[PDB]
Structure formats: structure tokens, C-alpha cells
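What follows is a single chain, given as C-alpha cells, in the form deposited in one PDB entry.
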């Protein structure tokens, strides 16, 4: 496996994790929607029953399908909504500050409620 020892709490927060979710995804090489390229924007593998080419984003929630070899993920989600406060974040897990880490927990839980109400 080769993965950290973090609980299910803030697992998705990890980059490797979001990338592991990607099983196949045709958009790999020669495309701006690669596993690591997309996961870096919050998008996590979540293909539907009929629409396998559907990549949704966590920490905000936003289903997006019909990608092409030239659709920046970070710009995609943000373009529709900046629900992901991590998009801008450019500091490794062990680089950012705790204060910023916890602050995220509030955002995630916040977005979840938005879905309902």
C-alpha cells in the first residue's frame, strides 16, 4: 500500500488517496484531466452506472462529466464554484499549518449541509 496512518476522518485530504480512487479514466496521457492532474483539484473517481466518464469533486461536491483533452480540473471546479478551499492551497500536507488544516474541516462539513438545505 504505502500510505500514511491517518483515520477515515480527513482521508480524502491526502493527494495520493484522491489519486488512488482513479481506477482507469481514459484521460491519462496527453490530456489535462489526468489522475494526478484532476485529483489535485479535488476531483475523485466516481463513475455512474451509465456515465462512467463522470468525475465529481469532494470538499464541495460538483458532478462534472463530458471532459476533454484540455479541461483544467482546478479551473473547472472553481469556474463553476470555489467550494474547494484547497485549490489555491499549494503546501504539502506536512507543509501547511494546522490552523489551515482544521479550518478546512469547517468548509467540508459546511458544503455537506448546503446540499440538503
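Residue numbers count along the first chain shown, from 1.
What comes next is about the form deposited with a partner chain bound, which is not displayed.
Heavy atoms of residue 58 never reach within 4.5 Å of the partner chain in the bound PDB entry, leaving it off the interface. Proximity of residue 66 to the partner chain in the bound PDB entry falls within the 4.5 Å heavy atom cutoff.
In the bound PDB entry, the partner chain sits beyond 4.5 Å of every heavy atom of residue 40.
Among residues of the shown chain, residue 51 is one whose heavy atoms approach the partner chain to within 4.5 Å in the bound PDB entry. Within 4.5 Å of the partner chain in the bound PDB entry, a heavy atom is found for not a single one of 15, 17 and 36.
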